[PDB]
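Undergrad: opening piece of a complex, kept in its complex position:
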Amino acid sequence: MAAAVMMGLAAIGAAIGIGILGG
């Protein structure tokens, strides 16, 4: 659950910002 709080949180924040900003 540590990894899921870790790379759950940031890797999605990553995903949307590549998407938003880089779009």
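TA: Received it, and whenever you're ready, just let me know what you need. Residues are numbered from 1 along each chain as shown, chains lettered A, B, ... in the order given.
Undergrad: gap between stretch A:3-10 and the chain center?
TA: Stretch A:3-10 has its C-alpha centroid displaced from the chain centroid by 8 Å (Cα atoms, centre = their mean, to the nearest Å).
Undergrad: over to stretch A:8-23?
TA: 5 Å.
Undergrad: contacts for that stretch next, please.
TA: The contact list for stretch A:8-23 (Cβ atoms under 8 Å, 6 or more residues apart in numbering) is empty. Using the backbone N, CA and C atoms, a C-beta is placed for each residue, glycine as well.
Undergrad: mind adding chain B? sequence follows:
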Amino acid sequence: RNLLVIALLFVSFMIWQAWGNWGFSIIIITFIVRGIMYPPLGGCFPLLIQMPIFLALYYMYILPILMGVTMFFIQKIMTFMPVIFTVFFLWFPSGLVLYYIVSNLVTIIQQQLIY
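TA: Adding chain B to the chains above:
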């Protein structure tokens, strides 16, 4: 201005609701990653990268003041994502004062270099 007025209230609402060696390695890996960013896309890649490193740092009252004074210099989408990161940190305060000052002072000189 109105959107900024819509970020501060949400922060205030949040605040009211709230009311060894292996770690030192993760602090250093976070610095190497912050250093690659140093000298919407050009904010977006630093802003995405800011999340896995603050999670690695801080998984491992005063810290909201230090980040709030850091936010007032940033204020004085590219602001709005640092404000959402601030709101998460009002609900999850973690870290130690001396190190959090060093990490946020490297925020102040990174913001004074994007300046």
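Undergrad: and the contacts of stretch A:8-23, now that chain B is in?
TA: B:40-41, B:43-45, B:47-49, B:51-52, B:54-55, B:77, B:81 (Cβ atoms under 8 Å, 6 or more residues apart in numbering or on different chains).
Undergrad: and stretch B:65-85, by the same measure?
TA: With Cβ under 8 Å, 6+ apart as the test, stretch B:65-85 has contacts from A:17, A:20-21, B:3-4, B:7, B:11, B:40, B:43, B:47, B:50-51, B:54, B:86, B:89, B:97, B:100-101, B:104, B:107-108, B:111.
Undergrad: and the residue of chain A closest to chain B?
TA: Using Cβ to the nearest Cβ, the closest approach of chain A to chain B is made by residue A:21 at 2.8 Å.
Undergrad: quick one: the helices in chain A?
TA: Counting by DSSP state H, chain A has helices at residues A:2-20.
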